[PDB]
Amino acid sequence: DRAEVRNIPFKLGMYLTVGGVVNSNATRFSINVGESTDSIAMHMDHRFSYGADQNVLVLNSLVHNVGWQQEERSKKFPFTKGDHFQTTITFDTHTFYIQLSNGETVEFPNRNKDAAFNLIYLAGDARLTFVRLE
């Protein structure tokens, strides 16, 4: 089903590194950090072709029983279908710090000021091959 790391707290000051492979013919895949599939503090969607979006990163938060908040977009897109990627995430109470495979970074606000997350998962057209959370 989806690839997930559950109930191993991702706390302030820890680093999460995930590696994986994008499917050949991928439309989009996302990495999600939050509490559940309906409560996501940092959604990072990688869009190869989705609606009018082609080769863009879209970041947002999802509030339980409320929905998606304000999207932030980045044009940094070092991803190729069929190829590996590696992403590292850390955060403090104000900011998620994301580092992409090529060393470029994206920052996204920690909107709820959360200090720990109990669910990390990947969804969509990719698979994970390794994880370090420490």
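For every residue, the number given is its place in the sequence shown, counted from 1.
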query	finding
Mean C-alpha B-factor comparison - 125 to 133 and 1 to 9, higher one	1 to 9
Mean C-alpha temperature factor, higher of 103 to 111 and 69 to 77	69 to 77
Selection by C-alpha B-factor (highest) of 92, 45, 83, 38	38
Deposited CA B-factor, highest of 60, 87, 32, 49	49
